Each structure stands twice: as structure tokens, then as C-alpha cells.
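model the following, please.
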Amino acid sequence: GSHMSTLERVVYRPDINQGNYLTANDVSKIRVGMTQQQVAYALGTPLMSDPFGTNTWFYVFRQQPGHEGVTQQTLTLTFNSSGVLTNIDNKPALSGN
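Numbers count the residues shown, from 1 in each chain. Okay, here it is:
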């Protein structure tokens, strides 16, 4: 994106170079059946910093080649009325960032 500067990262926490957000590894960590609080802790609370405010969570996939028009794959977590995981919606991202 326009804000290409990836200098901010809070502290030195090496793994991915392409971001400081959630990746595929952590998606593989979670599972349907647990709550919002469970996933928020398993995955890491989203940018808004308040996961328990919404029922639709948006996350990103691990450092991948992006061999298409779209590169990334977004994780959209869907929670029911109770705040329980119903579906892990993993579909393609924007054509960039």
C-alpha cells in the first residue's frame, strides 16, 4: 500500500517480513468450537484491539509467494450470537495491501 514502511513492529519479533499481523501458522492453531476470547488469545487480538466488539474478525496469511493477481489469503472469523466459532472463512485477499 501507500504506507509501505514496515518499520513499526513494536519490538523485534522475527518470523515474517511481510507483516506483523496474524499468519497461516496461527490459523492452523485455532479451531471452530471455541469462543471469541479463545481465538483472540490463540490468534492475537485484531488491530482494533477489541475482538469482543465484533463478530467478524479479519486476519492475514503467512508469507506466501503471491503467484496470482491476488497474493494474500484473508482469514475471516465468523462467530454466532453467543460469541462461539461457527466458521473459519479463509478466502483470497485484496490484490495487494
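
helices of the protein, start to end?
Along the chain, counting by DSSP state H, helices occupy 24-29, 36-43.

list the residues that contact the residue sitting nearest the centre point of the chain.
What sits nearest the mean C-alpha location of the chain, by CA atoms, centre = their mean, is residue 59, with 1.8 Å. If you count contacts by CB atoms under 8 Å, 6 or more residues apart in numbering, residue 59 has them with 21-22, 26-27, 43, 46, 74-77. C-beta here means a position set from N, CA and C on the backbone, and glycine is covered the same way.

filter those residues down to the buried ones.
Burial by neighbour count, judged by 16 or more other CB atoms under 10 Å, picks out 22, 26-27, 43, 46, 74-75, 77 from the contacts of residue 59.

can I get the residues you listed in JSON lines including distance to residue 66?
Compiled in JSON lines, those are given as follows (distance: CB to CB, whole Å):
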{"residue": "22", "distance to residue 66": "17"}
{"residue": "26", "distance to residue 66": "19"}
{"residue": "27", "distance to residue 66": "17"}
{"residue": "43", "distance to residue 66": "22"}
{"residue": "46", "distance to residue 66": "22"}
{"residue": "74", "distance to residue 66": "13"}
{"residue": "75", "distance to residue 66": "16"}
{"residue": "77", "distance to residue 66": "22"}
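
so which of the residues you listed is the closest to residue 55?
Closest approach to residue 55 among these (CB to CB): residue 77, at 8.7 Å.

which ones among the contacts of residue 59 lie within strands?
Of the contacts of residue 59, the ones assigned to strands by DSSP state E are 74-77.
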